[PDB]
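A.B. asks: Chains as they are written, first to last, in the authors' numbering: chain V, 588 to 718; chain 1, 1 to 62; chain 2, 28 to 62, 76 to 101, 117 to 141, 159 to 274, 388 to 459.
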Amino acid sequence: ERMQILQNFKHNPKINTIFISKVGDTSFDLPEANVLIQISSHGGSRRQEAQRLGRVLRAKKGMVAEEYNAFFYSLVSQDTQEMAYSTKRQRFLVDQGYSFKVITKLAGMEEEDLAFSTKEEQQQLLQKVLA
Amino acid sequence: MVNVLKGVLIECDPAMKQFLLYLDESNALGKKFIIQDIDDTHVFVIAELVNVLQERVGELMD
Amino acid sequence: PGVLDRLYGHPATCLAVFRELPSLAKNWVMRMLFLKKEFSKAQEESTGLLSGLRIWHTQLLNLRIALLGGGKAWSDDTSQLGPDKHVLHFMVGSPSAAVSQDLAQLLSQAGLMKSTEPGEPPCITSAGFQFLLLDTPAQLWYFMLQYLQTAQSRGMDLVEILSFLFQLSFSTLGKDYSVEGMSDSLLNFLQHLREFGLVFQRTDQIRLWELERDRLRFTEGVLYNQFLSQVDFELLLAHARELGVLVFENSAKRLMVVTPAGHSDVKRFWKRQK
C-alpha cells in the first residue's frame, strides 16, 4: 500500500498531496515534490528539518533557474511553547544559506470555504482532543 | 437608566485567551479579585489594578 | 528697455492680487527679484514685500559690488520695516528676511544688538509651544546672525548672541519630547556659536519588531453602566455615547454598556440634563 500511494503521488496528476509520520527519516526513499508543510515545531532536531527539506524538494519545470521554485512551511501556534523553537530554527536555516521569512497574517483566509466555520464545530474537536 | 456606574477596565480578548484569564482568576493566590464579570465571551469587566498583573501573568505563562 | 517695466509689472500685479491670505508670493517674488528698489518697494503691502525682500539678497549670489552697497544703504529701511511688522507665517517671514539680510553682511551689528527682533527669536526659541516650522526659521536667523559676525572684535551683537545660552532649557525640553527636529536646530545654534567666537573662547531584526509589539498590548480604561430603570434611558444614554464615538461595548438585553474614560464626563453631564 505504501508503494501504491508513493507511485500514485509521483506519476498520477490526481494524487498531489500526501501525509507522512517520522518513518521517513533514517533509511527511507521519500519521494520527490516541490512543497513541504510541517504542522508543528516537533522535537526531532532543527537539523533533521533541513535534511528532510533537502532530500524531498526539487524545482518545478520551466522555472528551474529562478529565485525560488519549491516551498517549505512550518506552522506555529502563537502564545504557546511551540514558539520557542523559532529563534534557533531561523538562525540555523539562514546560517545554512536559506532564504527564510515569517508570515504573520492571511486576510485571504477570510475570502473562502475552509473548516471550523463556527464555535460549535471547534467545540466538537475540543471535546475529542481533551479525552 | 443611569442607575449605576462602575469604573472598571474592559478587556476585549479573544475567545481563546479569555478563559485563560478566568483560570488566572481562580486557582490563584491573592487572586479571584480580578474579574468583575464576563460581559461577553470576547469581553470581560475586570480588575483595574489587576490589569497590569493579568497581562504580565499571561505573558509569563504560556 | 521699455518692455522691462511692463513685463515685470504684470508679475507685480499678480503678487499684489493674491497678497493677503496664504503663501502665493514666494515663487512669484523670486522672478520679481531679478528684473531704489527697496525704497519703492516699501510703499507696497508688507507681506510679499518682505518676500521680495527676503529673496533679493539671496539672488545677488563688479556691478554686483555696486548692488550690495546699494542694498546696504537701505538696510535700515527694511530693518525699520521688519520690526513694527512683528502669524507663524508672518513670523517666519520676518526672521527669514532678517536672516537673508544678515548673510548679505549689509546689516549693522550695532543697532542689531539693541533691537526687539533679536529678543523675539530667542523668545520663540524658548517657548515650547512654537511649531517645528517656526523653529527652523528662528534657528536659521540665529545661525545667520552669528555668521554675519566674522570678527567679534567689533560686534556688540556677539553679546546678545549669547542669548543662545538661554536655549539649553528648551533643548532639555524637546529632548524630553521626541522632537528630533527641535534638537537638531539647537545643535546648529551651539555649533555655530562655537564657530563664531571659537577663537575667543578657550533575520535578526525580525525578533526586534516582535519585541516592539510585546510593549503595546490592549485593554481600555473604562466606566461600566448597569441597573438602568427602563429601556428608553439605556437607548438615550447609549445613542449619546455612540455619537460621541466612545462606546466600547453595548448589550440592550443586559441594559448594560461601556464608555472609555475620555467621555465619562460628557455622559455624566447628559445624565444630569435630560
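Even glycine gets a Cβ: it sits at the ideal position worked out from N, Cα and C.
Just by C-beta distance, which residues in the segment 650 to 681 of chain V are closer than 9 Å to chain 2?
C.D. replies: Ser673, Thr674, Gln677, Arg678, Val681
A.B. asks: Check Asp174 (chain 2) in the structure and name its three-state DSSP category.
C.D. replies: helix
A.B. asks: Can you tell which of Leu23 (chain 1), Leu9 (chain 1), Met1 (chain 1) has its C-alpha closest to the C-alpha of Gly58 (chain 1)?
C.D. replies: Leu23 (chain 1)
A.B. asks: Given that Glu11 (chain 1) touches chain 2, what residues does it touch there, using C-beta distances under 7 Å?
C.D. replies: For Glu11 (chain 1), the chain 2 residues whose C-beta falls within less than 7 Å of its own C-beta are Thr404, listed in chain order.
A.B. asks: Quick check on the DSSP output: the alpha helix (DSSP H) that includes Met216 (chain 2) runs from which residue to which?
C.D. replies: For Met216 (chain 2), the enclosing alpha helix (DSSP H) starts and ends at 204 to 220.
A.B. asks: From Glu47 (chain 2) to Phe412 (chain 2), what distance separates their C-alpha atoms?
C.D. replies: 59 Å
A.B. asks: Ordered along the chain, which non-local residues of its own chain (more than five positions away) have a Cβ less than 7 Å from that of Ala718 (chain V)?
C.D. replies: So no residue of the chain qualifies.
A.B. asks: Taking only three categories from DSSP, how would you classify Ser436 (chain 2)?
C.D. replies: Strand at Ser436 (chain 2).
A.B. asks: With DSSP collapsed to three states, give me the class of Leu413 (chain 2).
C.D. replies: coil
A.B. asks: Would you verify that the beta carbon of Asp24 (chain 1) is, or is not, closer than 9 Å to some beta carbon of chain V?
C.D. replies: No, its Cβ sits nowhere closer than 9 Å to a Cβ of chain V.
A.B. asks: Which of the three DSSP states is assigned to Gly649 (chain V) in this structure?
C.D. replies: coil
A.B. asks: Under 9 Å between the Cβ atoms of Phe615 (chain V) and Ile605 (chain V)?
C.D. replies: no
A.B. asks: I need the boundaries of the beta strand (DSSP E) containing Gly183 (chain 2), first residue and last residue.
C.D. replies: It is not in any beta strand (DSSP E) - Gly183 (chain 2) instead sits in the alpha helix (DSSP H) that spans 181 to 184.
A.B. asks: With a Cβ-Cβ cutoff of 9 Å, do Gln36 (chain 1) and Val43 (chain 1) count as a contact?
C.D. replies: no
A.B. asks: Roughly how far, in whole angstroms, is the beta-carbon of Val622 (chain V) from the beta-carbon of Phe658 (chain V), given that I think they are within contact range, below 8 Å?
C.D. replies: 5 Å
A.B. asks: Give, in chain order, every residue of the segment 389 to 403 of chain 2 whose Cβ lies closer than 9 Å to some Cβ of chain V.
C.D. replies: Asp389, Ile391, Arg392, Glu395
A.B. asks: Name the DSSP beta bridge partners of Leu5 (chain 1), please?
C.D. replies: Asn410 (chain 2)
A.B. asks: If we define contact as Cβ-Cβ less than 9 Å, is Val443 (chain 2) a contact residue for chain 1?
C.D. replies: yes
A.B. asks: Run through chain V and tell me which residues come within less than 8 Å of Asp62 (chain 1), C-beta to C-beta.
C.D. replies: By Cβ distance, chain V contributes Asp666, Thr667, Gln668.
A.B. asks: At which residues does the alpha helix (DSSP H) containing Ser130 (chain 2) begin and terminate?
C.D. replies: 130 to 140
A.B. asks: To the nearest angstrom, how far is it from the Cα of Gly36 (chain 2) to the Cα of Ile120 (chain 2)?
C.D. replies: 26 Å
A.B. asks: Using alpha carbons as the reference points, say which of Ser187 (chain 2), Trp455 (chain 2), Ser134 (chain 2) lies closest to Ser172 (chain 2).
C.D. replies: Of the listed residues, the one whose Cα sits closest to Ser172 (chain 2) is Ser134 (chain 2).
A.B. asks: Between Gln36 (chain 1) and chain 2, is any beta-carbon pair separated by less than 9 Å?
C.D. replies: yes
A.B. asks: If we define contact as Cβ-Cβ less than 9 Å, is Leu5 (chain 1) a contact residue for chain 2?
C.D. replies: yes
A.B. asks: Do we get a CB-CB distance below 9 Å when we pair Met16 (chain 1) with the residues of chain 2?
C.D. replies: no
A.B. asks: Let me see if you follow: with CB-CB separation under 9 Å, is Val57 (chain 1) close to chain 2 or not?
C.D. replies: No, no contact with chain 2.
A.B. asks: Quick one: grab the DSSP three-state call for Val443 (chain 2).
C.D. replies: strand
A.B. asks: Verify the CB distance criterion: does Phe433 (chain 2) have a CB-CB separation below 9 Å to chain 1?
C.D. replies: Output row for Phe433 (chain 2): interface = yes.
A.B. asks: Does chain 2 have any CB closer than 9 Å to the CB of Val622 (chain V)?
C.D. replies: no
A.B. asks: Tell me whether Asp37 (chain 1) sits in a helix, a strand or coil according to DSSP, three-state version.
C.D. replies: strand
A.B. asks: Work out the CA separation of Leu122 (chain 2) and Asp32 (chain 2) for me, nearest whole Å.
C.D. replies: 19 Å
A.B. asks: One question on the structure: do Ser130 (chain 2) and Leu175 (chain 2) come within less than 9 Å of each other, judged by their Cβ atoms?
C.D. replies: no
A.B. asks: Which class does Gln594 (chain V) belong to by DSSP, given the choice of helix, strand or coil?
C.D. replies: Residue state, collapsed to three classes: helix.
A.B. asks: Which two residues bound the contiguous alpha helix (DSSP H) that contains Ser608 (chain V)?
C.D. replies: Careful: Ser608 (chain V) lies outside any alpha helix (DSSP H) and carries neither H nor E.
A.B. asks: Counting only C-beta atoms, is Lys692 (chain V) closer than 9 Å to chain 1 at any point?
C.D. replies: No, no contact with chain 1.
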